[PDB]
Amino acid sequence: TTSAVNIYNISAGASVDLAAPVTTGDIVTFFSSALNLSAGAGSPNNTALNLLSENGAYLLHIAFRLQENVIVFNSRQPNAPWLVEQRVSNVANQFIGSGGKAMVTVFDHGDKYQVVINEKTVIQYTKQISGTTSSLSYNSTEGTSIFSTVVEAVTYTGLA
């Protein structure tokens, strides 16, 4: 009845507090104005996108590792070790059909997180930790990020 759109500019190395939290049924899309599939090696993550809970837990962690040619999805409670991680091989293969820019979409299916790169679904992630997303972060390895220094994020909340 009263859905909402919120726009955020996220500089590399930062985290932003969402004006409106993301919960079951809502969406989050990240827009990158550049694509560098051959920029270098990450220590270990070239670029990471994170969905965080109000408690500081990493609901969803998305990491792109060029040197290891893989994409990692994991979670963890604050001050706790990294949990069971799911990985997807072939980075470039996922960005086929980009052309100087990319977008990553995350659907919050309540009990799962659907991750989409452009138009291709790369994985149906099962939530290891539950809860609403209240902040987002974009971290990088200095100079080897595969996305622009500033990444735009649009959230669609108050849906279903």
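Numbering starts at 1 and runs along the sequence shown.
Practice problem: Would you mind comparing 87 to 95 and 29 to 37 for me and telling me which has the higher average C-alpha temperature factor in the entry? | Solution: Higher mean C-alpha B-factor in the PDB entry: 87 to 95.
Quiz item: Should the higher mean CA B-factor in the entry be assigned to 109 to 117 or to 56 to 64?
Solution: The stretch with the larger mean CA B-factor is 109 to 117.
Quiz item: Going by what the PDB entry lists, where does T1 fall on CA B-factor within its chain: lowest, middle or highest third?
Solution: Answer is highest: the recorded C-alpha B-factor places it there.
Self-check item: Third of chain Cα B-factors occupied by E142
Solution: Ranked within chain, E142 CA B lands in the highest tercile.
Quiz item: How does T132 rank on Cα B-factor within its chain, lowest, middle or highest third?
Solution: Highest third of the chain for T132's C-alpha B-factor.
Self-check item: Third of the chain's Cα B-factor distribution that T47 belongs to, per the entry
Solution: For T47, whose C-alpha B-factor we compare with every modelled residue in the chain, the answer is the middle third.
Quiz item: Considering only modelled residues of the same chain, in which third does the CA B-factor of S11 rank: lowest, middle or highest?
Solution: Lowest third - that is where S11 ends up once the chain's C-alpha B-factors are sorted.
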